[PDB]
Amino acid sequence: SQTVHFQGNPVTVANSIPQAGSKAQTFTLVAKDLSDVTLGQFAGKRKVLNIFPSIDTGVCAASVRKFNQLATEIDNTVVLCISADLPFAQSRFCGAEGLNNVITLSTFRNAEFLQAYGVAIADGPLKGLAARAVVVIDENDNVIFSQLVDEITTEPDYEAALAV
């Protein structure tokens, strides 16, 4: 239903990513301590969903850290860096060092999240992983911004991190 690219080859992404003005769908993901975490646990806060195919590349790009840093600077915000890496691997993420309101969440046992949010790679070598995307949700669980990055290895625009 959506198509991005990787290694010079197109990639299929199931359904469609949330649209501004829409009520955010609930979801459950796993934290670094293996506990479950839902959207409602962040009620009354601004949520920035930073979705990656993987946050365990072993590379600390300045662009990635900058985005997270910008996102957390907006009032009453929480940044959720989401991927299919297991919580174990997510600890190696170096794109949010020292940012207290940045949380890593795994999708390893909640594949429905990827379907509902329209970021599930449906084919190619990266099948089973999440596409690169950003979804911003406000204090009233309303989506005010979303972006599915055309090129998987590319980062989203910094503007996304600052959506309201």
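Residue positions are given as counts along the sequence shown, with the first one as 1.
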item: Higher-scoring stretch by recorded Cα B factor average, 152 to 160 or 139 to 147; value: 139 to 147
item: 116 to 124 versus 46 to 54 - greater average Cα B-factor per the deposited record; value: 116 to 124
item: C-alpha B-factor winner, where the candidates are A96, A130, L70, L105; value: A96
item: Of the residues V64, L29, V59, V134, the one carrying the largest Cα B-factor as recorded; value: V59
item: Lowest, middle or highest third - CA B-factor, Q90; value: middle
